[PDB]
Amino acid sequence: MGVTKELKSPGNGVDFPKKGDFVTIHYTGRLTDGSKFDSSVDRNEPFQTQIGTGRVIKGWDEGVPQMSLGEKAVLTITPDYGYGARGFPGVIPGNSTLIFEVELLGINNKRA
């Protein structure tokens, strides 16, 4: 519903993030017209966060734990699981669906 995940290339199928785990991710974010608004790949700097604890938008907290270590997927996130009516200033309009290409590179100390 709020986030849909499309698997593009599989991970190891056995290791999945649990609530409270720290994940390492390479991502590219796009609006629905396909335009890129941000990418950790382009700055050669993976993104790390604790997952499942509200430190990122709800679409990530709910979508990322579905991925197995090493998976590449696309998360499609509705505004209720993203930045809502406000959007994110300078970057994301209000009422925006978001498309993230996500590669799960690490779960705690485990690396893909």
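Numbering starts at 1 and follows the sequence shown.
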property: 93-101 set against 8-16, stretch whose average Cα temperature factor tops the other in the entry; result: 8-16
property: Third assignment of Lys36 from its chain's C-alpha B-factors; result: highest
property: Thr53 - Cα temperature factor, lowest/middle/highest third of chain; result: highest
property: Entry-reported Cα temperature factor of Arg30, expressed as the chain third it lands in; result: lowest
property: Position of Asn44 among the chain's modelled residues by C-alpha B-factor, lowest, middle or highest third; result: highest
